[PDB]
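Residue numbers (the entry's author numbering): 2 to 148, 154 to 187.
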């Protein structure tokens, strides 16, 4: 437990839960690529249920997200180290609304870890809770907090030639947040 430290966007402005953000690299070239919503390979989901990032920044911009803090504090803005749900902030059909909400998938034996998916819930005991922390390198990392040494880093594994976000032990994905519009 610490003093509220707001998360900032790429402009230095505090993140607001009332706004949407792309989760971007802040490297450019083949190192860049924003996070986006995509189809998981040979998935039985009726809607896109994969959390990926593009393979470079010469390509489209990512899928905007919003951050939804728990019933605790919340605190006006979005603060480091506070539990939240993550949701892609897009229009879908009624049946796909759940498949905007981030969750952690089951263990995937092809990749030796749990992949990030959508199809989750918000604000509930079965929801996937994440938190944003300052990277030891640059920008921020997203951590998954089931139920620093405790929550599990979100990183990338390579899946069929794509960057798929997943739980990692080392080399977390370093990100920045860029407000939509």
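From the three backbone atoms N, C-alpha and C, an ideal C-beta is built for every residue, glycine too.
Alpha carbon to alpha carbon, how far is residue 95 from residue 182? Give it in angstroms, no decimals.
30 Å
Around the C-beta of residue 138, are 16 or more other C-beta atoms found within 10 angstroms, so that it is buried, or is it exposed?
exposed
Sorted by chain position, which residues of the same chain lie with C-beta nearer than 6 Å to residue 29's C-beta, five sequence neighbours on each side aside?
Only residues of its own chain outside the window of five on either side were considered, and among them 58 have a CB closer than 6 Å to the CB of residue 29, listed in chain order.
Which runs of the alpha helix (DSSP H) at least 4 residues long sit entirely within the stretch 78-136? Give them in chain order.
none
Can you look up residue 49 in the DSSP assignment and give me helix, strand or coil?
coil
By alpha-carbon positions, which one of 114, 73, 136 ends up nearest to residue 5?
73
Tell me which residue opens and which closes the beta strand (DSSP E) that residue 164 is part of.
For residue 164, the enclosing beta strand (DSSP E) stretches over residues 158-165.
Sort out for me which residues DSSP pairs residue 66 with in a bridge.
When beta bridges are read from the DSSP output, residue 66 appears opposite 22, 89.
In whole angstroms, what is the alpha-carbon distance linking residue 88 and residue 103?
6 Å
Closest Cα partner of residue 99 within the set 157, 110, 50:
50
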